[PDB]
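Engineer: Chains as they are written, first to last, in the deposited numbering: chain AD, 9 to 105; chain j, 53 to 253; chain AQ, 2 to 92; chain b, 2 to 98; chain P, 11 to 137; chain AO, 1 to 25; chain C, 20 to 233.
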Amino acid sequence: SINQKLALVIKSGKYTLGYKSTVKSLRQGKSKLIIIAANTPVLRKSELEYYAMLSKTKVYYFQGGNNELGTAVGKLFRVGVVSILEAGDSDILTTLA
Amino acid sequence: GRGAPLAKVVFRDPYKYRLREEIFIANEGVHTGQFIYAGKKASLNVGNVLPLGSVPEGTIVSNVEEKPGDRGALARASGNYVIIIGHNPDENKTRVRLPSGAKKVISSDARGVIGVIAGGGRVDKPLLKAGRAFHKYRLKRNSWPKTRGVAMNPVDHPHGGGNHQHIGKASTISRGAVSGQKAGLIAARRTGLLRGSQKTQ
Amino acid sequence: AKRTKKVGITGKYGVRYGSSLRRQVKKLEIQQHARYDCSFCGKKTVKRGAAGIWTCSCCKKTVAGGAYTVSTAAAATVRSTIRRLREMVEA
Amino acid sequence: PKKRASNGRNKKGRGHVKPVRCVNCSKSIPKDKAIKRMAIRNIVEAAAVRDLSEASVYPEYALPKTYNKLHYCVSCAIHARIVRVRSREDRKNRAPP
Amino acid sequence: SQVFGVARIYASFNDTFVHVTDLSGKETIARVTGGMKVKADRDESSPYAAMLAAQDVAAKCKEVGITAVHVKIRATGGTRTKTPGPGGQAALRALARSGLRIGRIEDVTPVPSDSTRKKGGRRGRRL
Amino acid sequence: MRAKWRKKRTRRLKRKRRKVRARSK
Amino acid sequence: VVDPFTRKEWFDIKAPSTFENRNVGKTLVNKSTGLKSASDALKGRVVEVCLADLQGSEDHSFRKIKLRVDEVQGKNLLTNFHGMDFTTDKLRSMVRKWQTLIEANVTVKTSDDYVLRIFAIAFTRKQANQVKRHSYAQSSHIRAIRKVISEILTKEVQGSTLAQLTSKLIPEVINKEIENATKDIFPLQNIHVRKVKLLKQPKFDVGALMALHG
RNA sequence: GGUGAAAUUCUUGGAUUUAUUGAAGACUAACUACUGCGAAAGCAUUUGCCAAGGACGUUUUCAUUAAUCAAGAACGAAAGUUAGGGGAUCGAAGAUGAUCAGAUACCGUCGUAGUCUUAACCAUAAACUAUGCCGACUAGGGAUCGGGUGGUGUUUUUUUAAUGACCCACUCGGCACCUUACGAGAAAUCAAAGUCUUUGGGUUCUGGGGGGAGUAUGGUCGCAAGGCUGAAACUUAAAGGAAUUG
Ligand SMILES: [Mg+2]
Ligand SMILES: [Mg+2]
Ligand SMILES: [Mg+2]
Ligand SMILES: [Mg+2]
Ligand SMILES: [Mg+2]
Ligand SMILES: [Mg+2]
Ligand SMILES: [Mg+2]
Ligand SMILES: [Mg+2]
Ligand SMILES: [Mg+2]
Ligand SMILES: [Mg+2]
Ligand SMILES: [Mg+2]
Ligand SMILES: [Mg+2]
Ligand SMILES: [Mg+2]
Ligand SMILES: [Mg+2]
Ligand SMILES: [Mg+2]
Ligand SMILES: [Mg+2]
Ligand SMILES: [Mg+2]
Ligand SMILES: [Mg+2]
Ligand SMILES: [Mg+2]
Ligand SMILES: [Mg+2]
Ligand SMILES: [Mg+2]
Ligand SMILES: [Mg+2]
Ligand SMILES: [Zn+2]
Ligand SMILES: [Zn+2]
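The following block contains the structure:
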């Protein structure tokens with residue numbers, strides 16, 4: 009599944025969590041794909057979607073709240089957005105995404 | 053003094069450069085910052101206000117107008133609503149069912165707001181003690197507490213007097229009764245513990 | 002240490018008003034003082050004040066709900082039966 | 002003592018079967034114990050067959066029958082239909098005829 | 011050839027019904043039943059009465075429009091005996107023997123996907 | 001008498017003696 | 020002393036195009052008096068007639084057809100399609116013990132935006148050497164056949180306007196296409212559609228109604 | 001209308017019947033079987049989803065981790081209880097019509113609670129196979145269920161296959177049935193109820209003449225109804241089981 013894919017990234021790849029550090033990555037073009045939680049407010053969503061297209065970065069709308077995304081990355085806290093810095097053994101960068 | 057919370061909803065004035073604010077009753081689920089749409093052509097989403105003609109049957113709306121424009125008559129108390137049960141496009145009536153169970157038929161231009169009214173279940177909690185009822189009616193009107201007419205002397209009430217405390221005659225008073233007679237069960241078409249299923253046919 | 006065997010929050014009324022009334026209150030009273038999950042910001046910071054009104058500690062959103070609980074079963078199904086009807090007017 | 006290995010009828014390895022209602026007296030009775038007959042009979046009968054094809058369009062046309070299941074509570078089954086009674090060993094005979 | 015109608019014989023116990031109607035069903039004609047040609051309240055379904063009911067029934071059929079009629083027999087059904095009553099075989103017989111033609115009869119007994127618990131209760135009508 | 005009606009007999013009989021005894025607690 | 024038969028009218032029912040005969044039968048209404056006349060009062064009935072009386076031969080002896088009446092003009096009330104049922108005797112004789120029954124259905128639209136729900140029924144047959152007495156399926160058989168029949172039933176409908184679907188069902192084009200996709204799963208004797216009911220139709224469109232008349 | 005037959009009841013309100021159409025709640029007919037699955041209660045429309053499971057397969061892994069179980073605990077038909085919703089149907093109650101010497105009933109009418117669902121309780125059924133679990137051995141037969149192996153088997157033809165369904169032989173594990181009885185039993189019968197005076201594989205539970213009595217009492221659980229634990233005095237020569245003749 010998509011989570012099983014995100015699980016692969018987490019255990020073999022480079023990434024960051026949180027809104028401030030995903031813009032650090034988006035400005036430097038380091039991000040290959042950002043994942044956006046369902047309940048993330050639209051203003052932030054539209055803001056990332058602008059940064060992302062200026063970075064020419066793909067954007068996956070996670071069909072789930074920020075609580076679930078935190079579980080998805082395997083953390084006990086919640087995350088609103090993820091940034092894939094390097095895709096590890098996973099294929100998320102070139103798949104249905 | 054009201055059951056249901058109110059919703060302050062501000063609009064632009066289409067004719068003057070100014071903000072004009074209305075006072076709606078909060079339909080359950082509406083929130084601060086929500087966008088409310090109000091009009092004939094308007095999406096069928098909780099919180100919006102639509103003419104009864106423009107919603108399918110089964111729609112559940114509150115604060116509905118009796119005649120179009122009276123700015124809200126039916127289904128206002130916390131927890132109530134009306135359901136549309138059909139349409140007659142020629143004459144553009146819309147048959148609805150009111151919280152009482154009554155099934156009135158009103159104009160399809162009449163306006164209602166999608167959803168039910170916030171604050172439901174308020175009447176499931178025991179007041180538990182006099183003071184709760186005191187502070188209740190304190191902010192409504194001087195209707196509480198209620199001395200029984202059967203505890204007063206006859207000057208005071210039809211039920212007053214007697215060496216024992218009793219009504220003395222049938223407490224069912226006719227519609228044609230006159231002021232000062234009507235006390236008890238006015239125009240009662242029946243009486244006694246309602247056993248068996250209610251729910252109008 | 003367990004302080005009371007069944008009254009819980011309802012122990013403030015003590016012996017008064019009759020066990021059954023106290024029982025009914027304890028339910029809704031537990032319903033109404035509790036912290037709820039916020040739809041918008043994903044934290045459990047929704048609390049009540051003024052029955053009907055439910056606002057979130059941070060993110061400062063205020064939702065109209067049921068008198069002693071955020072979502073009431075009625076408004077819940079009404080949500081879905083409106084969701085159903087709405088979809089009949091696009092597809 | 003016990004007078005039937007089936008104990009009344011046909012349930013081994015099941016636990017609980019659902020009751021059917023008797024077509025004669027409406028007595029509920031489990032379906033496995035619910036003595037059953039198919040009612041195959043024409044719409045027409047002994048003598049009405051000739052008068053039928055006599056004043057009728059459609060040369061002989063089909064003559065189709067009516068079908069339905071019948072379910073009897075043992076009592077009613079014993080009162081009229083296929084029951085009567087058998088000797089000690091004749092009982093075990095499950096041959097229909 | 012002929013001008014068609016529908017027979018629709020409801021022949022349950024304790025009474026038998028016949029009545030021809032237009033092939034659309036909406037407009038009907040010439041009913042009379044088995045409790046109309048005898049007065050004993052127990053013979054309301056017996057064939058001797060269903061005959062005399064079919065006699066007067068086919069009369070007005072030719073006396074107004076019909077030269078032929080399809081038949082749709084029916085028992086009580088629903089949750090009831092589901093089997094045809096006594097005065098069904100005689101009624102169809104005593105109207106095909108009236109001169110009218112018979113075409114493509116079926117059975118429209120109501121048969122459910124069982125529900126609506128049968129009356130008489132679990133121990134059944136016991137007498 | 002039928003077993004279960006005798007079972008019901010002593011059920012009431014117990015309930016009443018339970019009742020009479022509590023008039024004394 | 021009235022005898023409303025001295026007062027009733029009479030009307031002859033005409034059938035749609037894709038059959039053998041269009042002459043159906045006769046009816047009775049009333050005099051077309053002003054203020055509740057005979058025209059827009061009823062006219063909106065159905066007539067259940069066996070299509071073997073509508074097609075002649077008896078290879079269609081079962082399969083009732085409902086004809087709803089839409090319009091009228093000069094003692095002539097044309098009718099259109101309203102549904103198809105099965106004769107009770109046929110079904111009650113298809114359902115025999117010692118075999119598996121399989122039913123399936125799906126709701127679907129058409130180009131002419133008619134909505135309906137077609138049905139399907141099929142039974143398992145024995146192989147023509149088979150020893151065992153029952154020959155049941157395997158409940159994954161039954162699931163696959165349902166999904167396939169459902170897959171097949173959706174392609175035929177929305178294939179242009181129940182009118183052409185009327186043409187499709189009569190010669191059992193669907194039944195043998197079922198038999199095609201089925202035979203790779205289980206033998207399955209007796210496949211038919213057996214039933215279809217209409218529930219919604221678009222606006223009248225007096226034009227397209229007369230597109231099957233003349 | 002309803003019945004053995006009747007009556008209470010419904011009928012200018014067009015009753016019953018018919019026709020088109022709609023609403024609500026319930027149930028899943030026929031297919032349904034000495035057929036399937038679950039620890040038992042139990043479980044039968046479609047489809048999507050969610051975790052679960054036995055049997056088989058196995059030249060995979062661990063290597064005694066197990067058998068059975070006071071206490072303790074999970075589930076537990078129906079009815080019943082609390083709070084919502086639901087309340088079509090059938091319908092403890094109650095009211096009636098009849099029958100009867102009577103008829104608080106059986107039959108007929110009306111119909112409250114109930115029946116359905118959510119949240120909580122209750123923990124009982126002839127909850128039955130009236131028959132503990134794990135292991136071994138002891139006997140013949142043909143059916144069927146699931147898995148698997150064998151095929152110069154049949155049928156589907158396309159061009160021969162591949163498949164799918166079917167046939168035949170085998171082998172595990174199912175639900176059962178048939179015949180025997182070496183054997184067992186008081187018998188009815190029983191491949192276990194057999195391999196017991198030639199009396200010992202492991203282990204759990206209960207019973208000790210009939211009433212009294214599942215009563216009294218205490219404890220404990222339960223909102224209630226009631227559940228679990230549970231005596232004695234006294235009384236009594238029988239009660240009981242299976243079979244045989246009447
Ligand atoms: Mg005052
Ligand atoms: Mg007072
Ligand atoms: Mg007062
Ligand atoms: Mg005084
Ligand atoms: Mg006075
Ligand atoms: Mg007075
Ligand atoms: Mg007085
Ligand atoms: Mg008083
Ligand atoms: Mg006996
Ligand atoms: Mg049984
Ligand atoms: Mg059982
Ligand atoms: Mg009897
Ligand atoms: Mg006292
Ligand atoms: Mg079914
Ligand atoms: Mg009810
Ligand atoms: Mg009574
Ligand atoms: Mg009496
Ligand atoms: Mg009584
Ligand atoms: Mg017990
Ligand atoms: Mg049993
Ligand atoms: Mg053997
Ligand atoms: Mg022997
Ligand atoms: Zn928040
Ligand atoms: Zn019976």
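A virtual CB, placed ideally from N, CA and C, is assigned to each residue, including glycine.
Kindly provide the ranges of any alpha helix (DSSP H) runs that are 4 or more residues long and lie completely inside the segment 132–199 of chain C, ordered along the chain.
Structural biologist: Here the runs fully enclosed are 160–175, 180–188.
Engineer: Which chain P residues are close to residue 40 of chain b, counting only those with a beta carbon under 7 Å from its beta carbon?
Structural biologist: Residues of chain P passing the Cβ test: 93.
Engineer: Of all the options C:110, C:123, C:186, which has the alpha carbon lying nearest to the alpha carbon of residue 164 of chain C?
Structural biologist: Among C:110, C:123, C:186, the Cα nearest to that of residue 164 of chain C belongs to C:123.
Engineer: One question on the structure: do residue 144 of chain j and residue 105 of chain j come within less than 8 Å of each other, judged by their Cβ atoms?
Structural biologist: For residue 144 of chain j and residue 105 of chain j, yes; Cβs fall inside 8 Å.
Engineer: Residue 188 of chain j CB to nearest chain AQ CB: under 8 Å?
Structural biologist: No - not a single Cβ of chain AQ is within 8 Å of the one on residue 188 of chain j.
Engineer: Can you pull the chain AD neighbours of residue 43 of chain AQ, defined as C-beta to C-beta under 7 Å?
Structural biologist: Correct list: 47, 73, 74, 75, 86.
Engineer: Say the cut is 7 Å; is the CB of residue 123 of chain P nearer than that to a heavy atom of ligand 14?
Structural biologist: Yes, the Cβ of residue 123 of chain P comes within 7 Å of a heavy atom of ligand 14.
Engineer: Looking at ligand 3, does it come within less than 7 Å of residue 198 of chain j, judged from the CB to the closest heavy atom?
Structural biologist: Yes, the Cβ of residue 198 of chain j comes within 7 Å of a heavy atom of ligand 3.
Engineer: Mind the definition here: the segment 6–18 of chain b touches the segment 72–80 of chain AQ only if three or more C-beta pairs lie below 8 Å; say whether that holds.
Structural biologist: The answer is no - the segment 72–80 of chain AQ does not touch the segment 6–18 of chain b, with fewer than three Cβ pairs under 8 Å.
Engineer: Check whether chain C comes within 8 Å of residue 25 of chain P, counting only Cβ atoms and requiring the distance to be less than that.
Structural biologist: Cβ-Cβ to chain C under 8 Å: no for residue 25 of chain P.
Engineer: Check whether chain C comes within 8 Å of residue 66 of chain P, counting only Cβ atoms and requiring the distance to be less than that.
Structural biologist: With 8 Å as the cut-off, residue 66 of chain P does not count as an interface residue toward chain C.
Engineer: Return no unless some Cβ of chain b is closer than 8 Å to the Cβ of residue 104 of chain C.
Structural biologist: So, not an interface residue.
Engineer: Please tell me whether residue 87 of chain AD and residue 74 of chain AD are closer than 8 Å, where the distance is taken between their beta carbons.
Structural biologist: Yes; because the gap between Cβ atoms is below 8 Å, this pair is in contact.
Engineer: Counting only the same chain and skipping the five closest in sequence on each side, list residues whose C-beta sits under 6 Å from that of residue 14 of chain P.
Structural biologist: Within the same chain, residue 14 of chain P has close Cβ partners 33, 78.
Engineer: Can you list, in chain order, the residues of its chain whose CB lies under 8 Å from that of residue 167 of chain j, leaving out five sequence neighbours each side?
Structural biologist: Taken in chain order, the residues that qualify are 79, 80, 81, 82, 98, 99, 112, 113, 114, 133.
Engineer: Determine the extent of the beta strand (DSSP E) in which residue 78 of chain AD is found, giving its start and end residues.
Structural biologist: Counting along the chain, residue 78 of chain AD falls outside any beta strand (DSSP E), though it belongs to the alpha helix (DSSP H) covering 74–80.
Engineer: Would the beta-carbon of residue 62 of chain j fall within 8 Å of that of residue 101 of chain j?
Structural biologist: No, the Cβ-Cβ distance between residue 62 of chain j and residue 101 of chain j is not below 8 Å.
Engineer: Given residue 11 of chain b, which residues of its chain have a CB within under 6 Å of its CB, disregarding the five upstream and five downstream residues?
Structural biologist: Around residue 11 of chain b: 33.
Engineer: Residues bridged to residue 20 of chain AO by DSSP?
Structural biologist: Answer is none; residue 20 of chain AO lacks a bridge partner.
Engineer: Does residue 46 of chain b get closer than 8 Å to chain P when you measure Cβ to Cβ?
Structural biologist: Answer yes: the Cβ-Cβ gap between residue 46 of chain b and chain P drops below 8 Å somewhere.
Engineer: Can you tell me whether residue 89 of chain P is helix, strand or coil according to DSSP?
Structural biologist: Here residue 89 of chain P sits in coil by DSSP.
Engineer: Name, please, each residue of chain P whose Cβ falls closer than 7 Å to the Cβ of residue 24 of chain C.
Structural biologist: Ordered by position in chain P, the residues that pass the 7 Å Cβ test against residue 24 of chain C are 74.
Engineer: In the DSSP assignment, what residue or residues form a beta bridge with residue 63 of chain j?
Structural biologist: Residue 63 of chain j pairs with j:72.
Engineer: May I have the straight-line CA-CA distance separating residue 137 of chain C from residue 172 of chain j, to the nearest angstrom?
Structural biologist: Cα to Cα, residue 137 of chain C sits roughly 44 Å from residue 172 of chain j.
Engineer: So which residues on chain P does residue 28 of chain b lean against when the C-beta distance must stay under 9 Å?
Structural biologist: The answer, in chain order, is 130, 131, 132, 133, 134, 135, 136.
Engineer: Taking the C-alpha atoms as reference points, what is the distance between residue 120 of chain C and residue 183 of chain C?
Structural biologist: Those two C-alpha atoms are separated by around 29 Å.
Engineer: Using CA coordinates, which residue listed in j:220, j:218, j:219, j:240 is at the minimum distance from residue 228 of chain j?
Structural biologist: Closest option to residue 228 of chain j, Cα to Cα, is j:240.
Engineer: Would you check if there are 3 or more beta carbon pairs closer than 8 Å linking the segment 7–24 of chain AO to the segment 48–57 of chain P?
Structural biologist: The segment 7–24 of chain AO, when compared against the segment 48–57 of chain P, does not touch it at the 8 Å Cβ threshold.
Engineer: Mapping the DSSP letters down to three states, classify residue 42 of chain P as helix, strand or coil.
Structural biologist: If DSSP states are grouped into helix, strand and coil, residue 42 of chain P belongs with coil.
Engineer: Does the beta-carbon distance from residue 60 of chain C to residue 50 of chain C come in below 8 Å?
Structural biologist: In this structure, residue 50 of chain C does not lie closer than 8 Å to residue 60 of chain C by Cβ.
Engineer: Helix, strand or coil for residue 56 of chain AQ per DSSP?
Structural biologist: Residue state, collapsed to three classes: strand.
Engineer: Where does residue 67 of chain C land, buried or exposed, given buried means 16+ other C-beta within 10 angstroms?
Structural biologist: So residue 67 of chain C counts as buried.
Engineer: Run through chain AQ and tell me which residues come within less than 9 Å of residue 209 of chain j, C-beta to C-beta.
Structural biologist: By Cβ distance, chain AQ contributes nothing, its closest Cβ being about 30 Å from residue 209 of chain j, past 9 Å.
Engineer: For residue 49 of chain AQ, tell me which candidate among AQ:14, AQ:68, AQ:40, AQ:41 has the shortest Cα-Cα distance.
Structural biologist: The shortest Cα separation from residue 49 of chain AQ among AQ:14, AQ:68, AQ:40, AQ:41 belongs to AQ:68.
Engineer: List the residues of chain C whose Cβ lies closer than 9 Å to the Cβ of residue 13 of chain P, in chain order.
Structural biologist: Result: 44, 45.
Engineer: Determine the contact status of residue 170 of chain j and residue 130 of chain j, defining contact as a CB-CB distance below 8 Å.
Structural biologist: It is a contact, given that the beta carbons lie within the stated cut-off.
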